[PDB]
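Both ligands and their constituent atoms are indexed starting at 1 by order of listing. Reckoned from all heavy atoms, side chains included, excluding hydrogens, waters and symmetry mates. Counting begins at 1 with the first residue of the sequence.
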Amino acid sequence: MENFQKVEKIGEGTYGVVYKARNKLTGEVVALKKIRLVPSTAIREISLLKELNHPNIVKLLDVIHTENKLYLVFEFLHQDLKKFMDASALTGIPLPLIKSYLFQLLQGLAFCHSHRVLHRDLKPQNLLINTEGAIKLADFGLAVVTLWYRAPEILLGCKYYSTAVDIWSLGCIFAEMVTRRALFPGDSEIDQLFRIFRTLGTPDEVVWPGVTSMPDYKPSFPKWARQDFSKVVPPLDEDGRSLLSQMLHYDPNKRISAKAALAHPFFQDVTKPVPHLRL
Ligand SMILES: Cc1ncc(-c2ccnc(Nc3ccc(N4CCN(C(=O)CO)CC4)cc3)n2)n1C(C)C
């Protein structure tokens, strides 16, 4: 760690704290994550991530493990998607750029999921962008906390959840890019669930076989009727609404995979625009 010079603080979680830093050595500018006070298991899983290289995953350059404390050195990107969404709020992110970002993140996920790696905690704050029009997944949740992008199976207590949880999260993010408003902004676990239920209908055995035997399922849940998607993400076009609805299917088994999503007609005219970024 003597090799790095802190420049500024760019993040905090209960993983750790992240700094923009400069290799004292030889000026790589990097993001430096100082991790949570390290068991053998953590080291090996993290070393597995160092091999998970893809253009749409923030590159893990190095793992420094000396003295019990753990540091992760990443390629630095200049902005997160949240700040870009906030900056773009009056006009909205143009659809071609939303679509490009969505396609790229689905490519990232397809790759991760093909290697049996789940993100688990997708949100605007851990999607990072650069001037070239790339978007990248960061802060792989390698297991106040935001619940807004949590899949319903997690909220209902599924222990052994699947790659579909990331598709759900990404769907919520897609909706948010389009409407410029969080789809399901819950501030507790039951509020989050009930916000989902109010929009998508209270799930039952018809749309989600086995839902009623999930650990935190309660028969006493209020029974809300589903709303139509034309109300939920106007003025998104039919292709986009079709894709979104498949990304938000209650049953993780019916939820569209990253790979199948890339073949959706919504991406027929996909391009790679450059965002105008003010750094
Ligand atoms: C967690 C984590 N692990 C590694 C990274 C990472 C990797 C590569 N590049 C970055 N760059 C960032 C991240 C965040 C920000 N902004 C966050 C929001 N912000 C604030 O001032 C918030 O108050 C401005 C900086 C700028 C560059 N991170 N991160 C990010 C998501 C904080």
- Query: Hey, are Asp139 and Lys123 close enough for a salt bridge, meaning a charged N less than 4.0 Å from a carboxylate O?
  - Reply: no
- Query: Between the candidates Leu128, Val58, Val30, which shows the shortest non-hydrogen contact distance to atom 6 (C) of ligand 1?
  - Reply: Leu128
- List for me each residue that meets salt bridge (charged side-chain N to carboxylate O under 4.0 Å, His left out) alongside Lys272, sequence neighbours excluded, and say none if there are none. none
- Is the shortest side-chain N to carboxylate O distance from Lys136 to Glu75 below 4.0 Å? yes
- Note on the structure: So the atoms of ligand 1 within less than 4.0 Å of a heavy atom of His78 turn out to be 26 (C), 27 (C)
- Note on the structure: In ligand 1, the atoms that come under 4.0 Å of a heavy atom of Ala31 are 6 (C), 7 (C), 8 (C), 9 (N)
- Message: For atom 2 (C) of ligand 1, which of the options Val18, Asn130, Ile10 provides the nearest non-hydrogen atom?
- Response: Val18
- Item | Numbered atoms of ligand 1 (with element) below 4.0 Å of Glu75, judged on heavy atoms | 7 (C), 8 (C), 9 (N)
- How does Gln125 reach ligand 1, if at all, at less than 4.0 Å between non-hydrogen atoms: by side chain, backbone, both, or neither? backbone
- Message: Ring of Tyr19, cation from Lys6 - is the NZ or CZ under 6.0 Å from the centre and inside 45° of the axis?
- Response: yes
- Query: Got a sec: does the NZ of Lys82 have more than 12 other heavy atoms crowding it under 6.0 Å?
  - Reply: no
- Task: Mark yes or no: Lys99 above the aromatic ring of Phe266, with NZ or CZ under 6.0 Å from the six-membered ring centre and no more than 45 degrees from the axis.
- Result: yes
- Task: Considering the heavy atoms of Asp139, write down every atom of ligand 1 situated less than 4.0 Å from one of them.
- Result: 1 (C)
- Query: Does the N or O separation between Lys33 and ligand 1 drop below 3.5 Å for any pair?
  - Reply: yes
- Message: Please state which option from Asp80, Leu60, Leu77, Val73 has its nearest heavy atom closest to atom 27 (C) of ligand 1.
- Response: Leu77
- Residues at least two apart in sequence or cross-chain that pass side-chain hydrogen bond (donor to acceptor under 3.5 Å, both in side chains) with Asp191, listed by chain then number, are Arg195
- Assess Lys20 for proximity to ligand 1: is some non-hydrogen atom of it under 4.0 Å away? no
